[PDB]
Amino acid sequence: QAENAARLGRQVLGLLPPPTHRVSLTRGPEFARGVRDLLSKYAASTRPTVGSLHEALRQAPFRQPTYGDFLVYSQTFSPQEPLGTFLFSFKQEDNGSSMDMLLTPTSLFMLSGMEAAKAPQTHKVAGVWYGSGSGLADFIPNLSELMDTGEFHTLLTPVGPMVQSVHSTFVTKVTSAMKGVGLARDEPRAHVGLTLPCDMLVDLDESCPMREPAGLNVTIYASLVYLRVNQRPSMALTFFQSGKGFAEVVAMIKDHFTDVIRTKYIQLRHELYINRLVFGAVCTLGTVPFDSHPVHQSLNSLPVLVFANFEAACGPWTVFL
Amino acid sequence: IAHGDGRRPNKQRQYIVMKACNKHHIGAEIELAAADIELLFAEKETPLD
Amino acid sequence: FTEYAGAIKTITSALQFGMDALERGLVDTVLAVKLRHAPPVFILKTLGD
Amino acid sequence: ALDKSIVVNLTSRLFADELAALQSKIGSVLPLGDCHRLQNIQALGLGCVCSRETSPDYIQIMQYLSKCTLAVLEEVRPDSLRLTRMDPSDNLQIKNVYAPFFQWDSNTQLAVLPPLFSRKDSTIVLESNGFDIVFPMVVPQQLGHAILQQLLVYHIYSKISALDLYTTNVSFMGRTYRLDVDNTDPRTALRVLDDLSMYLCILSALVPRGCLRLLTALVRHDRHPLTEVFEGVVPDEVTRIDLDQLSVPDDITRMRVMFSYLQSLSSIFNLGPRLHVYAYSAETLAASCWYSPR
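Chains as they are written, first to last, in the UniProt record's numbering: chain A, 4 to 213, 217 to 306, 311 to 331; chain B, 100 to 148; chain C, 149 to 197; chain D, 2 to 163, 174 to 305.
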């Protein structure tokens, strides 16, 4: 039975942070032999083999993300998910000991209440994960007034993708990911990527070409737009995929939402409320490495993109207009 | 091939090709005369049979 | 064991691919050196006389 | 761990003329297009967007500069250029040979700008290969802003003309300089001005009334060192808006929106990728810094 305990002697002492490089001076120049991962040009031969390069593969960078542990009502977080969705932590007031509220982008489409033609795919899918929209509106009574003065983009803190979720009847545990690549729980040695519905994502770089430079980086941006439909305030969340840098995309997002700016601001020739002037916000959901192909999927149908090698790095909310 | 111009390198590439078996069916009829079958199974007991 | 030893086969066949995509680099560039210094017949022939 | 090295193949032996300028700038930052070891020379220059016969537009060139990766030279061999790479976030040596010289120190901040003073000085042409190479300029962040401040003002006052001492001169403590404007395409420098007309007239609608009444109490008698812009006379407009009575909870809703739109003016006055220098040697002209992400 100690052979099972001898396994934890191997794995725990094998998996540690690397210790500090500290060698006493009386030993001499032995410390230069203790520097291996800074060496990055390994010698090759006529016929190289793994036994020639098993030392070369042994140095690897130090990557460990920081997880988030959320305790959620089983009503808000729909019990079946594709295990890689994006999340949000909505926060109003600590009323309970530990109860937390989490919003998938299919769920935030239900609290929005926009027309069907803006997102013609997810409206059927998000209509069967939930009720008619009052199952989630009972928890936030201020959804009329949080849209008027425009405080809703100040109450969302972007979290990242899922990792694990153990589901019970009343209480659902959600294990999320921050800082980067979350380790997959059920499949060993796998990595959970970030999945978006194809309807919500709006690509930005698209050309005939009719040339743009390459890079290492492309940054997914979140967006959230205050608007009015049926003379009732409602929100609209879209995503962006671009590597243009922050100085361009703010001008590019204005060209996407041109009509939404125009149809709203016809109203304020009559009534000019300073609380109404706030329009939208843009966060930074973290970087994606270049030339990774987003792979289409199909779920139930619902087409869902996927991003391998996603890493998360949350940012502030800045008010664009 | 590794190039010296530089356009982008080319990673390792493989292919997995599916094949299958075509089956076939074959038939050819054999007629027998009902008069010829009838005299076969009875016992011969005369020099004519 | 057969997952381990089936993983050491992949990485060698990725790395035998590494050297033998560079031996094509010789046969490319040496042939590319010749063609930079190879004028055609009709230019060089009357200069031969 | 990670390696960083770009060695550039080149199809012709360089002359001793053009090698002497490249030997002069052995520590320098130039952007390039792709992320590989081997690379053609047609990506090394910044001049794929800024050529001679093409009229350059320095906003679009600066817009170009945030996309690309940045690289530092190591050696100049007479056939192959050899460079090292900059990735966020990595500490690295940087050495300023940049010709309109400014002085740095430890704990300073930087930025990368297109050449805005002397193109002929800061670009060398390669007659052997026929393709020219354009070097950007590294600037501390105060003058990194203050040159872009003047160039936005300039395209405002060239359109009204459809003289030069007020529009083309970037001011700084101790020195004045000349911007290089002979051929500028204003159309990418005017879309930035098109968004400035959006933000600035919204900020003229939600103006706090008490902070207008503060200047009516200030600039008439109370003269301060940094209020010499008004020269002692109130503008005619400010007397018109202050007819209403003051109340606190009007301005509480206003000043938060005044606050929230000045968050947006980061996005229109952005520089390139920034460089936070922690240690700078003086007599060696070397430095050390970590490259920031865009």
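We treat Cβ as the ideally placed atom computed from N, Cα and C, and that holds for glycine.
Rounded to whole angstroms, the Cβ separation of D:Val-135 and D:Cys-222 is 45 Å, and the two are not in contact under 8 Å. For B:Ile-115, no CB of chain C lies under 8 Å from its own CB, so it is not counted at the interface with that chain.
DSSP places D:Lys-26 in the coil class of the three-state scheme, outside both helix and strand. At a cut-off of 8 Å between beta carbons, C:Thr-194 makes no contact with chain B. In the DSSP annotation of this structure, the continuous segment of the alpha helix (DSSP H) that includes D:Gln-151 starts and ends at 142 to 160.
Assignment of A:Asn-281 by DSSP, reduced to helix, strand and coil, places it in the helix class.
At least one CB of chain D lies nearer than 8 Å to the CB of B:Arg-107. For the options D:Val-268, D:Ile-148, D:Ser-162, the alpha carbon positioned closest to that of D:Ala-112 is the one of D:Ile-148.
Taking the C-beta atoms as reference points, D:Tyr-302 is found nearer than 8 Å to D:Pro-89. At a Cβ-Cβ threshold of 8 Å, A:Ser-147 and A:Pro-239 count as neighbours. Annotated three-state conformation of D:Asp-18 is helix, per DSSP. Sequence-distant partners of A:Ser-171 (beyond 5 residues in either direction) whose C-beta falls short of 8 Å from its own C-beta, in its chain, are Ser-77.
With a cutoff of 8 Å on beta-carbon distance, A:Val-284 and D:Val-268 are scored as near each other. DSSP links D:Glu-76 through a beta bridge to D:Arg-83.
Annotation: Cβ neighbours of A:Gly-251 in chain D (cutoff 7 Å, chain order): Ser-67, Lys-68, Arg-305. The CB of C:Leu-163 comes closer than 9 Å to the CB of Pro-51, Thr-52, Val-53, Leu-56 in chain A, given here in chain order. Distance between A:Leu-186 and A:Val-166, taken at the CA atoms: about 7 Å. Restricting attention to A:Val-184, A:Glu-190, A:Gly-163, the CA atom closest to the CA of A:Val-177 is found in A:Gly-163.
Scanning chain B for C-beta atoms nearer than 9 Å to the C-beta of C:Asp-176 yields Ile-100, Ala-101, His-102, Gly-103, reported in chain order.
Counting along the chain, A:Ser-110 sits inside no beta strand (DSSP E); it lies in the alpha helix (DSSP H) bounded by residues 108 to 115.
As a beta-bridge residue in DSSP terms, A:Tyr-232 pairs with A:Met-241.
With its beta carbon at least 8 Å from every one in chain D, A:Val-266 lies outside the interface. Within the same chain, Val-203, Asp-206, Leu-207, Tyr-210 come within 8 Å of D:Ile-279 by CB-CB distance, once the 5 residues on both sides are set aside.
A direct Cα-Cα distance of roughly 34 Å separates D:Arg-251 from D:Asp-175. Closer than 8 Å to the CB of D:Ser-52 there is not a single CB belonging to chain A.
With 16 or more other CB atoms across the displayed protein chains lying within 10 angstroms of its CB, A:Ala-122 is buried. Assigned with DSSP and collapsed to three states, D:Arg-189 falls in strand. Pairing D:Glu-76 with D:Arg-86 gives a Cβ-Cβ distance that is not under 8 Å. For C:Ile-191, no chain A residue has a C-beta closer than 8 Å to its own C-beta; the minimum C-beta separation is roughly 37 Å. Taking a cut-off of 8 Å on C-beta distances, the region 256 to 269 of chain A does not touch the region 122 to 135 of chain D, as fewer than three cross pairs fall below it.
In this structure, DSSP gives D:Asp-233 a state outside helix and strand, which the three-state scheme calls coil. Put simply, the CB of D:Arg-265 is near chain A, with a gap under 8 Å to one of its CB atoms. For D:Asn-41, same chain residues with a beta-carbon under 6 Å away, outside a window of 5 residues either side, do not exist.
Taking C-beta atoms under 8 Å as the contact rule, A:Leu-315 and A:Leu-204 qualify, at a distance of about 6 Å. At least one C-beta of chain A is nearer than 8 Å to the C-beta of D:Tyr-272. By the CB criterion at 8 Å, A:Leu-114 and A:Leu-139 fall inside the cutoff.
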